[PDB]
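In the form deposited without the named molecule, a lone chain appears below as structure tokens.
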């Protein structure tokens, strides 16, 4: 029959029917990842987790980091995970979201941007503010992949504060609680991922170790923000000290700790380099998004560095990149590989002569 065979779906129903095209695999994947385990901290090991779950988390986390670019007066992000209750909350300060009726869509601005698809402050490519956000899906994707999803924000400029809760995959919602407000701006997103959509029973060791690492990553990647994880400040300040998490207790060929060369080439390019004993490795960030497969920004810096010293060189390089790119593109929705051409990055990276010399004498 024609109406059973040929079907239109709503957007919301399409996301739930085709989860993997929006949030990546909802099936387990086993691979070697850098994670931060409670007892031993930063280590590379075999991890089994669901990419789709990692990704709705990372979406809320990158949104906090974007706010720093939105408002440089932002100083802090708190990340909290309660595995036993199934709760994740991410809090930032600095400017909040205007708590007012949008005059075109006739709803409160936070309602619109967390409750309706294809909504964003980043559709105009006002180049400046190099946010990881771009498409206007991430926050709704978390909401839809959650049994419960709470947005609190307050914006002094607009004199009000906002709270609204969503439930059952964004199919159900309270009315906004709206109040007068004159305090410090904050946004706080609190959600319970819908573990049944990922075939998991609990947030397990492996996913909490992955999620914990992204909080370190934020401390490492996001200049000028303290990060607290479960109520504690992460002892990371500057990129070099984040890199130190990885090279702590690594040896060269002669049993001597690794030497690390660092240059902040400009605001958009922070670069550390040492010897690899394990082939080509890279740790890299674009707009605080972890490009774990890398891409054109890694190629761009590595070609330069390889410039001085053919592809056998690449084989002994361990490169750490923290960069900012205008309108990053990715070869998939899980964003581990950034595909933008160098031409249209909006910046250049020229490492100094001091760095190339310093890079000779390290391995």
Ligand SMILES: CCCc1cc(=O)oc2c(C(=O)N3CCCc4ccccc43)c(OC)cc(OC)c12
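Superpose the two forms; the largest set of C-alphas matching within 1.5 Å is the rigid core. Residue numbers count along the first chain shown, from 1.
Another form exists, solved in complex with the named molecule; not displayed. Remarks below refer to it.
Proximity of residue 31 to the named molecule in the deposited bound form: non-hydrogen atoms within 4.5 Å are present.
Put simply, residue 213 is close to the named molecule in the deposited bound form: some heavy atom of it is within 4.5 Å. The shortest heavy atom separation between residue 270 and the named molecule in the deposited bound form exceeds 4.5 Å. Proximity of residue 336 to the named molecule in the deposited bound form falls within the 4.5 Å heavy atom cutoff. Note that among 230 to 238, 194 to 202, 278 to 286, 247 to 255, the stretch whose heavy atoms approach the named molecule to within 4.5 Å in the deposited bound form is 278 to 286. Checked against the named molecule in the deposited bound form, the residues 143, 164, 274, 291 give one hit for a heavy atom within 4.5 Å, which is 291. Shown here without the named molecule, the chain has 49, 51, 54 in 39 to 67 lying with a heavy atom within 4.5 Å of that partner in the deposited bound form.
In a rigid core superposition between the shown form and the other one, 129 is the single residue of 226, 102, 129, 148 whose Cα is displaced by 2 Å or more. In this overlay on the rigid core, residue 43 has a C-alpha that sits less than 2 Å away from its partner position between the shown form and the other one. Annotation: Cα of residue 9 displaced by at least 2 Å between the shown form and the other one, core superposition. Relative to the superposed rigid core, residue 332 undergoes a CA displacement of at least 2 Å between the shown form and the other one.
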